[PDB]
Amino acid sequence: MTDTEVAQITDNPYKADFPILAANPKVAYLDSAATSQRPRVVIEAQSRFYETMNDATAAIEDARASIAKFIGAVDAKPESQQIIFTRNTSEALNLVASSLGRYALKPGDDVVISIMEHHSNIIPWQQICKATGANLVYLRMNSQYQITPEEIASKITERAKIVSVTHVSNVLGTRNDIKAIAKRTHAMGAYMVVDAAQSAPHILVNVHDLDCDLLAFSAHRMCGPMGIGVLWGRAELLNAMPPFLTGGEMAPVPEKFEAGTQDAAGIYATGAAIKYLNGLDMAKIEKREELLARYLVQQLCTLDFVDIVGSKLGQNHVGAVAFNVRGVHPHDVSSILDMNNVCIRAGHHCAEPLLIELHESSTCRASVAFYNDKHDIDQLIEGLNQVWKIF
C-alpha cells in the first residue's frame, strides 16, 4: 500500500452522514457484513413516506426502477417489472427453492450449492431435494480458498438442474466466479441462482454480465431499511415459475410474487438508499472498501497470535475477514473488544458447513464499509492487543 492510500483510509469523508456513527465517534463499527448503518437520508425518507403518502404508486415503481438500474437490469429501460420485494435474502431464496424447485426438478436431478453457502442457501434446497427426489451436490474449495474450474466442471454435470452459489462469502470474503459457474450450468441445462446478499453492497453487480437467472439480496447491507429483500429474475422464468406465497394482491409479474400489503415506506427508503449510493459514486465506494479491506488484513498479519481464516492476501477479501485469536474463544474476544468500543461478529455466522470444512467451531469476523476509516481498523488492532495481554 502506498503512503497516499493510507491517506485515503485515514480521511473519512462519509461518517457524518450516519446519525448513529455521528453520535458515537468513540465507537468502531466493524460488522457491516451483518447489517449496514443507515444514512440520515434513508431514515428520513421512510419517515417522510408515512407522513405524506401512506402519488405513492408512482414512487414504488421509481424504486423498482432505481434498484433495477443499480444491478444493471436494463433493456434502454430499467427492467423494473422484473424485481420483486421480499422481507430479506432468506425469503427470496426460500421462494426460488419452492417455485423454481417445483417447476424444474424431476426425480434424480441434481441441485448444486457451494460449501461456502450461508444456511439460507442450503436448507431450502435440502427440503426441495427431499420433496422432489433430487440430490444435493456441493462445490468445494482448494488450498487458496477458491472454486476452481475443475470443481465447477466436475460437480455441475448433465444431471444438474439448479445451481445456487453465493457471490461473496460472509465468512471468507471470497468473490466467486459467478459468470464461469453460470456458463457451465446453462451448458448442463440448468438454472443459475445467485445469493448476492454480501456482494451487492460492495462490488458492482450486473445481472446481464453475470448472465444468471435469479439474483437475490437484502437492502439492509446496502444502507437500506430492514424488512426489504429483493429478487431479480429473467422475465421469461418469472412468468413461468409457479407463485410461492398466495392470497390477496397476488396475475402478472411482479405482482404474482407479492402477497398482501407490502412495506411501501421501506421500499421507498430502499430507493433513497440506492439513490444515496449512486450519488457517492459507487466506483469510489468499491475503491475505498478495497483499501480498507487491504489495510485490515495487512495489519492483522502483523499480529502473530491471530489466525486469519481465509486468504492471507487482502486483495481477495471482499468486505469480510474471518479470524481467531489463538486459544481465545471468539465470544471472549468480542467481549473485550466491546469493552474497547469495537463491533465484530463472533460465532459461526449461519455458515456452519463452511466452518466444519475449515475445522473451526467459531470465528471472529471484521467487515468494512465505505464509512469506516483507518482509525476504525486501528481500534480493533489495539483492542486485539489488549486481548492477548490478558490471554
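Start at 1 and count along the sequence shown; that's the residue number.
Engineer: Between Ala153 and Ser154, what class does the number of missing deposited residues fall in: none, 1 to 3, 4 to 9, or 10 or more?
Structural biologist: None; the chain is continuous from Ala153 to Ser154.
Engineer: Taking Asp75 and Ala76 as adjacent modelled residues, how many residues of the deposited sequence between them have no coordinates (none, 1 to 3, 4 to 9, 10 or more)?
Structural biologist: Just 1 to 3 residues are missing between them.
Engineer: On average, which has the higher Cα B-factor in the deposited entry, 162 to 170 or 309 to 317?
Structural biologist: Result: 309 to 317.
Engineer: In this PDB entry, which of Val230, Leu95, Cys129, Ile274 has the top CA B-factor?
Structural biologist: Answer, based on the entry's C-alpha B-factors: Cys129.
Engineer: Using the temperature factors of the C-alpha atoms in this entry, rank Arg294 within its chain: lowest, middle or highest third.
Structural biologist: Highest third - that is where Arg294 ends up once the chain's C-alpha B-factors are sorted.
Engineer: Compared with the other modelled residues in the chain, in which third is the CA B-factor of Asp62?
Structural biologist: According to the entry, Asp62 has a C-alpha B-factor in the chain's highest third.
Engineer: Considering every modelled residue of the chain and its Cα B-factor in the PDB entry, is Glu357 in the lowest, middle or highest third?
Structural biologist: According to the entry, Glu357 has a C-alpha B-factor in the chain's lowest third.
Engineer: Ranked by Cα temperature factor within the chain, is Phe244 in the lowest third, the middle third or the highest third?
Structural biologist: According to the entry, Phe244 has a C-alpha B-factor in the chain's lowest third.
Engineer: Could you place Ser99 in the lowest, middle or highest third of its chain by Cα temperature factor, using the values in the record?
Structural biologist: Ranked within chain, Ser99 CA B lands in the lowest tercile.
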